[PDB]
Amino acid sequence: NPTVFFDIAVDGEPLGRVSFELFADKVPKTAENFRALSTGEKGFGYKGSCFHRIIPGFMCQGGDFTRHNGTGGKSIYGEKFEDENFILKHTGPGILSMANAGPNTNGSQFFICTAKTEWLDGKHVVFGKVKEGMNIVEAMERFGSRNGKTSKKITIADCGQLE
């Protein structure tokens, strides 16, 4: 399974690096989309985009690099692509899963769980998990709120694939 990283910044100040294992063995199409968006090899991707929704006790959501307002994003397969499978569950903190607006609407938005979110099982495609730097994701919660609006700009300052 491939590994990717995000270097997180807060109002332009470094916070730290989070790394992810992508479950290409179980969700290869979904893992590949996230991997390519993290390297930027298609000429677009996550670099410079923000975590627009952070809800303490639940998750951190980001990935809208086309509209920068929580409604956008696109995959490497087209604006949206189908749900690959729901094999993996939202079992606890660190799970990496696809955001969507209903069935078969995966784009580039994703979320990282900071707790178990089992009611999302069967509705959101789980495709990876945090490998290193979970404390960075935990540190992002203090910039969130009940309805997810953030109090500082939380950005992916850099991202890429690890050897």
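Quick note: we count residues from 1 along the sequence shown, nothing fancier.
Among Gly62, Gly43, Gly107, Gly128, the highest C-alpha B-factor recorded in the PDB entry belongs to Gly43. In the deposited entry, the Cα temperature factor of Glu132 places it in the highest third of its chain's modelled residues. Per the PDB record, residue ranking by Cα B-factor puts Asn69 in the highest third of the chain.
Per-chain ranking of the deposited C-alpha B factor places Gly144 in the middle third. Among the modelled residues of the chain, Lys29 sits in the middle third by CA temperature factor in this PDB entry. In this PDB entry, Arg35 carries a Cα temperature factor that places it within the middle third of its chain's modelled residues.
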